[PDB]
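Have a look at the structure below before the remarks.
Please note: Cβ atoms are built from the backbone with ideal geometry, for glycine as well, and neighbour counts cover all protein chains shown. No lab work stands behind these numbers, since they all come straight from the coordinates.
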Amino acid sequence: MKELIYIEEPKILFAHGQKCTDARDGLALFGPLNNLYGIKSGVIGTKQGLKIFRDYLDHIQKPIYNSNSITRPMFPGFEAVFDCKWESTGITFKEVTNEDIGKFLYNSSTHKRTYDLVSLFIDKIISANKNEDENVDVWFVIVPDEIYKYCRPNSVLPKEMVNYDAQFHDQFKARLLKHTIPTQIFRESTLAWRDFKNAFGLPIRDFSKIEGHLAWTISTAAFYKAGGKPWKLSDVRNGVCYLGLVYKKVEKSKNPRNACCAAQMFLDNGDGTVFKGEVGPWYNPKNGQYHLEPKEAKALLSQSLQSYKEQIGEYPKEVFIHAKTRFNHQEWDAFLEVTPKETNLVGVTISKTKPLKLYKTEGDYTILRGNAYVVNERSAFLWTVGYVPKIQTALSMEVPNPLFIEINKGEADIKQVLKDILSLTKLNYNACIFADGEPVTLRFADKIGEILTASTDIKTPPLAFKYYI
Amino acid sequence: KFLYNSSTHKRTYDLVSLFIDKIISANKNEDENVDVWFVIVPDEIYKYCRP
Amino acid sequence: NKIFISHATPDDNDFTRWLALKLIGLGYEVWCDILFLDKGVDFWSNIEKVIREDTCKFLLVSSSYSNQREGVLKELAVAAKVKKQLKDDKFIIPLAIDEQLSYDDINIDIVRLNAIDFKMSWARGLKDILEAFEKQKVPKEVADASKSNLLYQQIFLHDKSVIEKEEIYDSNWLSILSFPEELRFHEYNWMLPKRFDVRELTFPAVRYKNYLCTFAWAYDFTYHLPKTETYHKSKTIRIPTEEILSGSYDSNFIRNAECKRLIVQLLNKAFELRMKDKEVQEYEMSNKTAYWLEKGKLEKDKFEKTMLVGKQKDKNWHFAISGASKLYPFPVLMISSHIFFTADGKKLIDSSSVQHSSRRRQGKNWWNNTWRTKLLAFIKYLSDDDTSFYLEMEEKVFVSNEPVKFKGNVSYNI
DNA sequence: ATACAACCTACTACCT
RNA sequence: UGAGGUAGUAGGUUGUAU
Ligand SMILES: [Mg+2]
């Protein structure tokens, strides 16, 4: 009968140098680190979409409550939290006609339909960015639910109503990377869930008990997209750089390729957390192989080390490479040929496939979050999802799944690796929640990869995450 | 390093590129939002950057 | 010096906690009843004393709940008495926070005072509060968020934390206790393609370079393949299983990892055959297989008073388990739980969309205790003895029916 | 090209 | 595509050795 080890919950940092575990509570009490003056919003869509967005923007300012304010904290309003203005008066409208949407919506080919709709929105975006004298921080694209339903890669258009990825969101964000415009895509049913009902006279999506959670998530995403920093890590060490590598399949070309994207996190001399991407997805011409060539591995590590040195002044002491795959010998030897003697290379594999479930004997709740089961000096299990005493509820749904964290290559302390991963799980800026399951490096590398492998014509993409997430 | 090239064309191109690359990099590879970029230009650059 | 906040104690706490913490973090000394976790029996005397002798301003949260609350009205009367005594025209400040309560319905002690509008925006209300406080020279110290952080930690974050208590968790791993002493590679040579089907044999066996690898004897395969009836015991390679499991084998004839993989293959095949022997229904998933019981198998689908087959609305739900042996870190049997839906008592719904939707609809209301009890009951049903169950290997392999427990040094308090 | 084990990704469906 | 979680459906690769 085996033993477990507990890893303390990490604390994130907020305004006035105040540490907390919950992002929502820390934002409510102290506030963001940045001082944005206000958010100027550009809205694209039909007149109904503009009305929906204006109504939601007016609704945001007033406090919003949930069914339980212990499990899910309430939203006290946008300005009361972020201390900046995001009002409906600063809205810039670029109308898209319903007739124009219907002209391209009902087409035989899903590729042609999604390309036409994506181009219809992007043409207005770029025309307003270039030929209009007003400044817009974030562009909010209100999308009718038909466009969402009928633009999926595998979606089929009913016969009665009859490169680049066949997906509205990824192709939309991939074709806007040349102009560096942060965009937030909304569905009309998200902000007006009450007005869309099913055959039984009830809404399809019920946000009655989680209205404040929706407000939290939307407001945090909008604040991050406008150039604000809501929080940052507090316990991360100096001289260590975290890398996260994700491979994606590219079906745009005739020959399948495995594009590898990365995410890089570290600490600058100003105590600010530098978290960005690592792009120019290094491809592999062999189908089914998710291992980098020596040349591409050398290029990746050289670029990462050069970026770290430029931002700091010296090469990192430690480098951690979180990947969902296992590095092989040739790729690791290629990696080691770039690192200097002072830089220690550690390659960690993070997976969620191993089926180990721990059931509490005498309760209706689940295993505590932060528990670990160190298999051996190079392998452990980490429970990043589970019961959180602070919110008196579990992040998982039925029984949480563990993360099998294994130090595949290099020498490092396994407990330190688990602590680093559990601290990374607090850096998700796409959502305003308690810490999620996967580390932020792998998740954001996946988010980058899902967009960079949509459109082929991306020479040098930006590094900021507001253009991807 | 670029201001003392004999040819005015090459000097101005290199020095404009030096000023321009940082602006573009901070536009694409940084998470701040900047409204106006205020390029403060010394007198030595200004005087020797005319046709 | 203090600033009294009066509200409806169980109704307007979300706004009051926010306002009190915001004002405390700004340097003001705030007296609110929800800032103390230990209210004495004679707390009203303390409230009256603090109103009379301590507070310089009396903020009143005006809402529909607090409009006619008896305790709030008593506090308002005491505050009015102190206001008349102190010759302070602006002692009582109402903060209007409820949109439902019209301005024509406020109580008699408030209908004449200038209120602060928190309805449209809390930030604007707090700005107005601070502007009034600086305009009226309300005493305050230097701003410090550490006080707000400490009070939040102490009061609203005291019963929600981890504690140093021992906990025991029940897993889904089946530690394997007994293994056959030796693994045999019989040199059967061709043997008519060595029964090319292989998977249809009576015992779990695999095909190596030129040997049949299995944990059983040579003569056990005489029924399916008669060539072994004359094959002698000389043409075989016997290896010790315990030596392989300890990472001791070497040389270029066979690799240790290949031996472990072959053992895993044999164990999986044996588990499949033994589970077939139990005469249960088999479901073929996308990449695995699961075993479930029918409606009429048990009397009445309530083994160990846990229930295994039930009905959601009109279909029948059945619990099922899927097993897979493994040798990392120690020989165990991964066991995964699943639910299957049948239109009739013993049938299957061909469409997978309805099955998936019904499974996700059902799983929303089961939770940890239900999952654990159902898994343990299903796994104890297959037990062949008191505390084990066997898989065919003459020889056989025994697996414990009690999953390995885990020990934890911390837990929570519900 | 078949059998297996041990890893890998892509694309939905439902809950709150 | 507000966001996480839990599952399901498909495909592929690698070491051996027929
Ligand atoms: Mg987003």
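Structure summary
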{"read-out": "Complete set of residues in segment A:407-420 that are within 28 Å of C:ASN172 (Cβ to Cβ) and in contact with a helix residue (DSSP H, G or I) (Cβ under 9 Å, 6 or more places away or on another chain)", "value": "A:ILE407, A:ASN408"}
{"read-out": "Residue that is farthest from the other protein chains (Cβ to nearest Cβ), among those in segment C:144-179 that are part of a loop (DSSP other than H, G, I, E, B) and of a type in the set (S, T, N, Q)", "value": "C:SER175"}
{"read-out": "Count of residues meeting criterion [more than 7 Å from chain C (Cβ to nearest Cβ) and buried (at least 20 other Cβ atoms within 10 Å of the Cβ)] in segment A:349-367", "value": "1"}
{"read-out": "Residues of segment A:52-107 classified as assigned to a helix (DSSP H, G or I) and not aromatic (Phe, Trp, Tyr), total", "value": "18"}
{"read-out": "Out of C:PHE215, C:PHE221, C:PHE253, sole residue that is of a type outside the set (D, E, K, R) and in contact with a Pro (Cβ under 6 Å, 6 or more places away or on another chain)", "value": "C:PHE215"}
{"read-out": "The lone exception for A:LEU395 - which of (1) within 14 Å of chain B (Cβ to nearest Cβ); (2) over 18 Å from A:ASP170 (Cα atoms); (3) within 15 Å of DNA strand D (Cβ to nearest atom) it fails", "value": "(1)"}
{"read-out": "Only listed residue being under 44 Å from the mean Cα position of the chain (by Cα), more than 14 Å from chain A (Cβ to nearest Cβ) and away from DNA strand D (no atom under 16 Å from the Cβ), chosen from C:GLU229, C:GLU182, C:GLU200", "value": "C:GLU182"}
{"read-out": "Test result for A:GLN306, away from RNA strand E (no atom under 16 Å from the Cβ), of a type outside the set (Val, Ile, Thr), on the phi < 0 side of the Ramachandran plot and assigned to a helix (DSSP H, G or I)", "value": "yes"}
{"read-out": "Exclusive hit being within 16 Å of the ligand (Cβ to nearest atom), within 14 Å of chain B (Cβ to nearest Cβ) and not β-branched (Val, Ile, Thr), set A:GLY280, A:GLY227, A:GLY272", "value": "A:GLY227"}
{"read-out": "Flag for A:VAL440 being at the interface with another protein chain (Cβ under 10 Å from one of its Cβ atoms), surrounded by 21 or more Cβ atoms within 10 Å (Cβ to Cβ), more than 14 Å from DNA strand D (Cβ to nearest atom) and of a type in the set (A, V, I, L, M)", "value": "no"}
{"read-out": "Enumeration of residues in segment A:422-439 that are farther than 19 Å from A:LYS229 by Cα, within 12 Å of RNA strand E (Cβ to nearest atom) and of a type in the set (A, V, I, L, M, F, W, C)", "value": "none"}
{"read-out": "Elements of type helices (runs of 4 or more DSSP H) in segment C:1-112, at least 3 residues being within 18 Å of C:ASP128 (Cα to Cα)", "value": "C:13-25"}
{"read-out": "Single unsatisfied condition, A:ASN344 versus (1) within 10 Å of another protein chain (Cβ to nearest Cβ); (2) over 26 Å from the mean Cα position of the chain (by Cα)", "value": "(1)"}
{"read-out": "Conditions (1) of a type in the set (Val, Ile, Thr); (2) surrounded by fewer than 15 Cβ atoms within 10 Å (Cβ to Cβ); (3) not in a loop (DSSP other than H, G, I, E, B): number failed by C:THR202", "value": "(3)"}
{"read-out": "Helices (runs of 4 or more DSSP H) within segment A:159-252 that include 3 or more residues within 12 Å of RNA strand E (Cβ to nearest atom), within 30 Å of A:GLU8 (Cα to Cα) and within 22 Å of the chain's Cα centre (by Cα)", "value": "A:211-225"}
{"read-out": "Restricting segment B:11-47 to residues that are within 14 Å of another protein chain (Cβ to nearest Cβ) and β-branched (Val, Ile, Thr), the residue that is nearest to the chain's Cα centre (by Cα)", "value": "B:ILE23"}
{"read-out": "Members of segment A:92-133 that are touching a strand residue (DSSP E or B) at 6+ places or on another chain (Cβ under 9 Å) and surrounded by fewer than 17 Cβ atoms within 10 Å (Cβ to Cβ)", "value": "A:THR92, A:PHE93, A:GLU95, A:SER127, A:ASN129, A:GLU132"}
{"read-out": "Count - residues of segment A:326-337 that are part of a loop (DSSP other than H, G, I, E, B) and crowded, with 18+ Cβ neighbours inside 10 Å", "value": "1"}
{"read-out": "Selection within segment A:368-390 - of a type in the set (A, V, I, L, M) and either within 16 Å of the ligand (Cβ to nearest atom) or buried (at least 20 other Cβ atoms within 10 Å of the Cβ) (or both)", "value": "A:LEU368, A:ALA372, A:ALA380, A:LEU382, A:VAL385, A:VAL388"}
{"read-out": "Residues being surrounded by 14 or more Cβ atoms within 10 Å (Cβ to Cβ), within 12 Å of DNA strand D (Cβ to nearest atom) and not aromatic (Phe, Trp, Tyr) - total across segment A:177-204", "value": "2"}
{"read-out": "Among residues of segment A:54-64, those that are surrounded by fewer than 17 Cβ atoms within 10 Å (Cβ to Cβ) and within 11 Å of another protein chain (Cβ to nearest Cβ), counted", "value": "1"}
{"read-out": "Only one of A:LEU463, A:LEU442 that is closer than 30 Å to A:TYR115 by Cα and more than 12 Å from RNA strand E (Cβ to nearest atom)", "value": "A:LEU463"}
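Matching residues to (1) surrounded by 14 or more Cβ atoms within 10 Å (Cβ to Cβ); (2) within 17 Å of C:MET393 (Cα to Cα):
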{"position": "C:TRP190", "(1), (2)": "no, no"}
{"position": "C:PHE215", "(1), (2)": "yes, yes"}
{"position": "C:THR228", "(1), (2)": "yes, no"}
{"position": "C:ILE244", "(1), (2)": "yes, no"}
{"position": "C:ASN256", "(1), (2)": "yes, no"}
{"position": "C:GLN281", "(1), (2)": "yes, no"}
{"position": "C:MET285", "(1), (2)": "no, no"}
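Yes or no, residue by residue, for (1) in a strand (DSSP E or B); (2) buried (at least 16 other Cβ atoms within 10 Å of the Cβ); (3) of a type outside the set (D, E, K, R):
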position: C:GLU304; (1), (2), (3): no, no, no
position: C:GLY310; (1), (2), (3): yes, no, yes
position: C:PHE330; (1), (2), (3): no, no, yes
position: C:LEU333; (1), (2), (3): yes, yes, yes
position: C:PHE340; (1), (2), (3): yes, yes, yes
position: C:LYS346; (1), (2), (3): no, no, no
position: C:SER353; (1), (2), (3): no, no, yes
position: C:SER357; (1), (2), (3): no, no, yes
